[PDB]
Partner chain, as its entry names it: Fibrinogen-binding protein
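Before any questions on how it binds or moves, here is one chain, the form deposited without the partner chain, in C-alpha cells.
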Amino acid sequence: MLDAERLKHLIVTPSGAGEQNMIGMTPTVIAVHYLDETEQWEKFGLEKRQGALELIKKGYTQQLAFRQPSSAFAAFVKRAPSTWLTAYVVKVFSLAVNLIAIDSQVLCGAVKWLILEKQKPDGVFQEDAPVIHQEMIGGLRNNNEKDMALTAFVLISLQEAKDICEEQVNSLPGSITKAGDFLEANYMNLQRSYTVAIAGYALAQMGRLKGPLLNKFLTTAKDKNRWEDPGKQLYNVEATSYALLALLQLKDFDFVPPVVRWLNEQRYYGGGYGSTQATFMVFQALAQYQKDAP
C-alpha cells in the first residue's frame, strides 16, 4: 500500500492528440482508482479529488475528439485506426466507469470494432496501424511473441468491458472464447515472462489457466516473487503486475504476498517517460490486491 504522499505527481492534466491525451489520462485515472480503494483520500488531501475527477473528465472528452466514425481510435482523425490504442481506450474507460460518465455507445462501439474488424478466424487480434508513441505500449514494444502478447492485451480489455457490453455486442462471448483458444493452444511455447504473465492473466480471467499451463505460469516466476525478462525493468514491473492480477483471479492467495512484497520494494510510483503501462498496471494490480486479498 504505497502512501498517498508519493502519488501527487500522478494527478496529471491530459493534453495532446489521440495517443498523447491517453498518456496523460492514464496516471490520473489509476491514481484516483487506487486512492479510492485504499481509502487514502484523507491522507492525500480530499480537496484534491474534485479537480482530479475533472481532469479525468477532461481526458475522456478530449479522447472523444479522436473517436473515428468506426468507433475506433487513432492519434489523428486522418490516421488509420490502431487496434492497440482502441483496446487501451477500452481498458482505461472500463476502469473509469465509476469515476465519470462513460458513454456505453463509445465503449461498446470500440469493443465491437475490435471484434468484427481486427480478430482473425484463429482468434488472433492483429494491428494494422501501430501507435506513433511506442513508449506507451510497455512490454508489447518488444516484437517477440507479438501475436500472443497483443491478443492477450486486447482480450483483457474485452473481458473488462464484457458486463457493460454483453447485450449491446452479441459477438463478444464468442470473441473471448476464440482469443482464449489461441492463447491456450500456444501458451506452452512462450519463452518471455512478460507474455507468460499477460496471457496468463487473460486465460485466468476465463478460468482456463489450469494444469500444465498454470504450472508454467507459476514456475516462470523468479524466486516465486516476480516475472522478469532480460531487458527493461519497466517491462518486468508491468509483467509482475499482470501476474499479480492473475494470482488474484486464481485466488491463489498463498503465492501472492511474496509478489506484492517485491512490487512494493520496487518503490515505483509511476510517471515518467514510457511509464503508461507500468503505471496503469502496478496501481490496478495493487488496488485489486487491496480489494481481494484476505
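Residue numbers count along the first chain shown, from 1. Heads up, when I say rigid core I mean the largest set of C-alphas that superpose within 1.5 Å between the two forms.
* Asked: Between 160 to 168 and 79 to 87, where do the CA atoms move more in 7 other deposited structures of this protein, taking the root mean square over the structures and residues after a core fit?
  -> Checking 160 to 168 against 79 to 87 in 7 other deposited structures of this protein, I find the farther stretch is 160 to 168.
* Would 184 to 192 or 117 to 125 have the larger average of its C-alpha temperature factors, as given in the entry? -> The stretch with the larger mean CA B-factor is 117 to 125.
* To do: Would you tell me which stretch averages the higher CA B-factor in the PDB entry, 166 to 174 or 153 to 161?
  => The deposited B-factors put 166 to 174 ahead on the C-alpha mean.
* Check the PDB entry and point out which of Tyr269, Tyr34, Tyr60, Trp227 has the largest C-alpha temperature factor. => By C-alpha B-factor in the record, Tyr269 ranks first.
* When the CA B-factors of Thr219, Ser82, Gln134, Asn142 are compared as recorded in the entry, which is the largest? -> The listed residue with the largest C-alpha B-factor is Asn142.
* **Lowest, middle or highest third - CA B-factor, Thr28** => Lowest third - that is where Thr28 ends up once the chain's C-alpha B-factors are sorted.
* Ordered by C-alpha B-factor within the chain, which third holds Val111? Give me lowest, middle or highest, please. => Middle third of the chain for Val111's C-alpha B-factor.
* Assigned third (lowest, middle, highest) for the C-alpha B factor of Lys232 -> Bottom third by C-alpha B-factor.
* Just say lowest, middle or highest third for the CA B-factor of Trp262 relative to the other modelled residues in its chain. => According to the entry, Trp262 has a C-alpha B-factor in the chain's middle third.
* Chain third (lowest, middle, highest) by recorded CA B-factor, residue given as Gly200 -> Its C-alpha B-factor belongs to the lowest third of this chain's values.
Only in words, not in the display: the form deposited with the partner chain bound, which the text now covers.
* **Contact label in the deposited bound form: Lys232 to the partner chain, heavy atom within 4.5 Å** => Answer no; every heavy atom of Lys232 is more than 4.5 Å from the partner chain in the deposited bound form.
* Asked: Looking in the deposited bound form, any heavy atom of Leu150 within 4.5 Å of the partner chain?
  -> Answer no; every heavy atom of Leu150 is more than 4.5 Å from the partner chain in the deposited bound form.
* Asked: Can any non-hydrogen atom of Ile164 be found within 4.5 angstroms of the partner chain in the deposited bound form?
  -> Yes, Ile164 is a contact residue.
* To do: Answer for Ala221 alone: is it within 4.5 Å of the partner chain in the deposited bound form, judged on heavy atom distances?
  => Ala221: no contact with the partner chain in the deposited bound form.
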